[PDB]
Amino acid sequence: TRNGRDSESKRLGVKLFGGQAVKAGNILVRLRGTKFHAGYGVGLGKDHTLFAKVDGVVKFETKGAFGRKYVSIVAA
Amino acid sequence: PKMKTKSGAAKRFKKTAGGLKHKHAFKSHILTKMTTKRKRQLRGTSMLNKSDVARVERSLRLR
Amino acid sequence: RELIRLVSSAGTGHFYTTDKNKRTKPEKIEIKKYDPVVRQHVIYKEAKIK
Amino acid sequence: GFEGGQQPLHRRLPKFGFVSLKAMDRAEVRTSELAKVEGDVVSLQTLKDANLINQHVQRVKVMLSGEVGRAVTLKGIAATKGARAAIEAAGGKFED
RNA sequence: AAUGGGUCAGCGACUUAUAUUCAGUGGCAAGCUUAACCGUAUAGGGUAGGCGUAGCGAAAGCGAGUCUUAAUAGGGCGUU
RNA sequence: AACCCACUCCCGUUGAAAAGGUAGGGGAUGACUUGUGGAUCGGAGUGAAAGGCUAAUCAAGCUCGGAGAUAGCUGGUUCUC
RNA sequence: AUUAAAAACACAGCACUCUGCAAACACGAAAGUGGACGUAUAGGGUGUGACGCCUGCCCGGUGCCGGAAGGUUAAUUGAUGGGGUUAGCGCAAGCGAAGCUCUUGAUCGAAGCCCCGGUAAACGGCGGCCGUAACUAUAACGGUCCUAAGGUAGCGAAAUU
RNA sequence: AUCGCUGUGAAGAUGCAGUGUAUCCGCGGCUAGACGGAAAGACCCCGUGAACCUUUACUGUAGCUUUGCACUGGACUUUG
RNA sequence: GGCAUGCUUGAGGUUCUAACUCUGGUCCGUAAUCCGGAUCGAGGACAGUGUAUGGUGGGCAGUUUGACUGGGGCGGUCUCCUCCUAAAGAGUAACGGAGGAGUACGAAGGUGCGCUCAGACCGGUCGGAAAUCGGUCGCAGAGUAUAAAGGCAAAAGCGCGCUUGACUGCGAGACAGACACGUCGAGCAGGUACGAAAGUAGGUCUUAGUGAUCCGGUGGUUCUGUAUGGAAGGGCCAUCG
């Protein structure tokens, strides 16, 4: 019966978009529950943060059954 | 001496040749609540940020 | 849930620390974890905060 | 220090350390300036005759930060490991 | 149709001391500079002191190196 | 009536007057009016009580010091390219 | 004084309460003074305000007055315990007498308060909850409850509607 | 070198715009305007302003009061 | 059990006089209702004062008494989480519209192992819409400790064993970011549960479940330790209020 009190807006989203060079520790997707999945060299942190585990460029394939949007990094 | 440093600022910021070093907050009296990873990364003696140097070494009378 | 303390059975307190419901299980815990100092695992007893 | 009214850095970060009163009379010399004494003896007093060391200093440790040059004798003065070598290389000696 | 001024002539508001930082400009330079004071006195003496030549650590300390842990194993600060 | 007051009207409001005048009005042997001398004073007197009065000043006189109080406010800050 | 002369204040009368005299009280760092060169028919303070008829109910709250004597409670006291130093015995480890010292703080402590009673011309209070009857709002009632107790005589659209 | 109107405009114009009137200057009167003059708005808001009053706000404190120890004694008893 | 009582320290009572007191009489200083002194009387170790202490204390005093706000007051609000607004990267206001949190968990975690929904359809002698569940068409619509969003089966729900990785030291590099904070993340060891093993594990499907500094408290410590040896106090590390 009283409105107010929005939260503080967590800055989620795809950082470091899908052609960019990476180093092997970079947060690659901030994410609220694996809207994107883990490809070849990426890591899947505890809060479903995708992180590059090797160097290269990030690809963003769609692959497999279930229609998974993948994030894979290819050492190119 | 005709310029007085804050005595309360010299307790906090010791000066080295790499900068002004300080300890970290959040390391008192509520410590089972936070993880060991957050008690480990605050245990050292960090350095003072570039936006903070001017305010501190006016208190510590060095500007 | 009230805070507890897990001491070693020696003259050494490494003291890992946690909490529990003592309003369910009024006795103590004898579950044993890693020790950095004595480097043997040990019967981690009651808090006894006083 | 004033930041508009929030907790400033000099009250928000913890105090740490003590200042040693043992190191008020402590001082360091280096091997670049050991040749500035007179008489081939580096004592606590001889380091005060040349203005290399203040008065009220009564504990001197010499580090390695250059070349010695002259054969000097360091009595009652601590030296580091790399500085004791560079003095005894140039004919020096140590006693107390 | 908001403030101030009727007008003239005088007066009327970023100073000074002491600490300090940065810039410019100079003297000396791995050193530089003196303070009180002395002085037939802006000279000259006086280098107590201050800063520089080495840092790191809370500290003992060690020093071109500590801390930590049973760990010279892994990073921060410094370094011709 | 004097005297002391000050209810009402009007005038006056740059006044004759920083509180009056004119016409009426209240008390007028009393808890009255008054001269002269004295007593009490600033968180302090005094008050038939209104925050009234304490030298045209009173929810704390005047004066001089602390003192150039303080003012996150106001106003102003003077030759030229 | 200088926009309010009144219904405001004062008052005689009334009541309550304090005060046994070096009085209560007041002004005074104090001596002292006033009260008063007075003495309970007196003095101080509070409230009402000639007179006539009168002045109901409530002692829970808060104040004041009295009361046992129990519990809690202050400085003061310093029981006992725990430490710090070190003679000395033991080959040493050790404990450690005595001191000196630092903390601990059992007992001993009054008034007050908690507790009990009285006190309203002490400060105060003299219901709201609904359907009742009716109407703008009610104790006449059966009331349901609630409280220390629920307004008596008077008066009433009022200086109050 | 000081008109009306109707618009416009920091939003109610002698001064802008457009347009009507209007020779130059007093005197006597009357007060519609000049948001006329007078008092750095009294209401209202503001200020980490003030003052003075209140209390069952906070922290004190004069006064009153309680006990310990002083000034402060002996002598028996009730009494431990 | 205690006996008489000397030697004595604690709380009463009434008493004694010599402290003290007298704003009582009388003398003297003195020509004085002050004041002392002398003496008589009274009270009397009380009163009273100093000091320490408890209580009362608007008599007096120095103050405080927040901000937001379609003016102010009243009400609501203030930190954190989720969606909308928010314009298909972040971000983004309103006293705009909607809901939540101030925790749970020694298993509800790790791991080993075991294992996959809900729905309609139907079989009446105690339930008959529906249970016990037996088996036929099933076509995530279930479940997730908790709001909403987003996620899932390589399960990201239950059973059960071990009984601990809800590890210690760290940490390349990022994300967020005014600062203080905050978020994500291996290999060697201390060393590990597990699996017989590749390997997974530095808590939980994810994002709320929180609080700086200064003072204290506690356990370590190698550090300091005001002449020296110690202690006291301090510092560091851990943790509590």
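Trainee: Run through the overall build of chain C, naming residues and quoting values.
Mentor: Along its length, chain C carries 0 helices and 2 strands. For chain C, the spread of C-alpha atoms along the principal axes amounts to about 35 × 20 × 15 Å. A separation threshold of at least 6 residues defines the contact pool for chain C, and within that pool the share at least 24 residues apart is 34%.

Trainee: Please set out the overall build of chain A residue by residue, giving values where relevant.
Mentor: A tally of regular secondary structure across chain A gives 0 helices and 8 strands. Helices and strands in chain A line up, N terminus first, as β-β-β-β-β-β-β-β. A compact globule built from 76 residues should have a C-alpha radius of gyration of about 11 Å, whereas chain A, at 15 Å, is more than 25% larger. For chain A, the spread of C-alpha atoms along the principal axes amounts to about 55 × 30 × 20 Å. Scored against the burial criterion, the 76 residues of chain A give a buried share of 22%. In chain A, the share of contacts with a sequence separation of at least 24, taken over all contacts with a separation of at least 6, comes to 43%. Of the roughly 5500 Å² that chain A leaves accessible, carbon and sulfur atoms contribute 53%. Looking at chain A, you have 15 positive and 5 negative side-chain charges, and the mean spots of the two groups are 3 Å apart.

Trainee: Could you give me a rundown of the protein's contact with RNA strand I, with the residues and numbers involved?
Mentor: Near RNA strand I lie 82 residues; those nearest to it are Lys10(A), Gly33(A), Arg38(B), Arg43(B) and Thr18(C). When atoms of RNA strand I within 4 Å of the protein are split into backbone and base, the sugar-phosphate part holds 76%. One of the backbone N or O atoms of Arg5(A) is found 2.7 Å from a base nitrogen in RNA strand I. In this structure, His48(A) approaches RNA strand I through a side-chain N or O atom, which is 3.4 Å from a sugar or linking oxygen. At the level of elements, helix 2 (36–40) of chain B, strand 1 (2–6) and strand 2 (16–20) of chain C together with helix 1 (9–12) of chain D are the ones that each hand at least two residues to the surface near RNA strand I.

Trainee: Tell me about the interface of chain B and chain D, and name the residues and values.
Mentor: The partner chain D presents 12 residues to the 19 residues of chain B that form the contact. Summed over both sides, the interface between chain B and chain D buries roughly 1300 Å², with carbon and sulfur atoms accounting for 63% of that surface. It is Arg12(B), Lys23(B) and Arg55(B) that lose the most area in chain B upon contact with chain D, and together they represent 41% of the buried surface on that side. Taken together, the connections running from chain B to chain D amount to 1 salt bridge. A salt bridge links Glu3(D) to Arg55(B); the shortest N-O distance between them is 2.4 Å. Among the secondary structure elements, those contributing two or more residues to the side of chain B that touches chain D are helix 1 (7–10), strand 2 (19–22) and helix 3 (53–59) of chain B. Here the side of chain B that touches chain D is composed, by residue class, of 5 nonpolar, 5 polar and 9 charged.

Trainee: Can you explain the environment of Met24(D)? Please cite residues and give values.
Mentor: Residues and elements named next belong to chain D. Tracing the chain through its elements places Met24 in the loop between helix 1 and strand 1 (26–30). Given a relative accessible area of 61%, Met24 falls into the exposed group. Along the primary structure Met24 and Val57 are separated by 33 residues, whereas in three dimensions their C-alpha atoms are 7.8 Å apart.

Trainee: Lay out the sheet that holds strand 2 of chain B with the relevant residues and their values.
Mentor: Pairing between sheet strands relies on hydrogen bonds along the backbone, with the strands arranged either parallel or antiparallel. All names here are of chain B. Ordered by their spatial adjacency, 3 strands build an open sheet running 1-2-3, and the pairing between neighbours is antiparallel. Looking at the sheet topology across the chains shown, the edges are occupied by strand 1 (14–16) and strand 3 (46–47). Across 3 bridges, the pairing between strand 1 and strand 2 is antiparallel. Its bridge partner being in strand 2, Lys14 is matched across the sheet by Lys21.

Trainee: How would you summarise the nonpolar core if you had to cite specific residues and measurements?
Mentor: Residues and elements named next belong to chain D. Counting residues in each nonpolar core, the largest one holds 18 residues, and the members touching the most others are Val42, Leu47, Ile53 and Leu74. Looking at this core, the elements with two or more residues in it are strand 1 and strand 3 (59–63). Contacts of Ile53, omitting those with residues within four sequence positions, involve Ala27, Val29, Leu47, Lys48 and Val60.

Parameters and conventions
Residues numbered from 1 in each chain as written, not as in the entry; some residues may be left out. Chains lettered and ligands numbered in written order. Part of a larger assembly, values for the part shown. Heavy atoms only, no water. Residues with missing side-chain atoms left out of burial classes, pairs and counts. Helix = DSSP H or I, 4+ residues; strand = E, 2+ residues; numbered from the N terminus. Contact = heavy atoms within 4.5 Å. Rg over C-alpha atoms; globule rule 2.2 N^0.38 Å. Buried < 20%, exposed > 50% of the residue type's maximum accessible area, 1.4 Å probe, protein only. Areas by Shrake-Rupley, 256 points an atom, 1.4 Å probe, with all protein chains shown as cover. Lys, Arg positive; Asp, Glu negative; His and termini not counted. Charge placed at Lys NZ, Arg CZ, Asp CG, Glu CD. Near = heavy atom within 4 Å. Polar contact = N/O pair within 3.5 Å; in protein donor to acceptor, adjacent residues only side chain to side chain. Buried area = accessible area lost by both parts, 1.4 Å probe. Salt bridge = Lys/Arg side-chain N within 4 Å of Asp/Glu carboxyl O. Nonpolar A, V, L, I, M, F, W, Y, C, P; charged D, E, K, R; others polar. Pairing = 2+ DSSP bridges. Core = buried A, V, L, I, M, F, W, Y, C linked by side-chain atoms within 4.5 Å.

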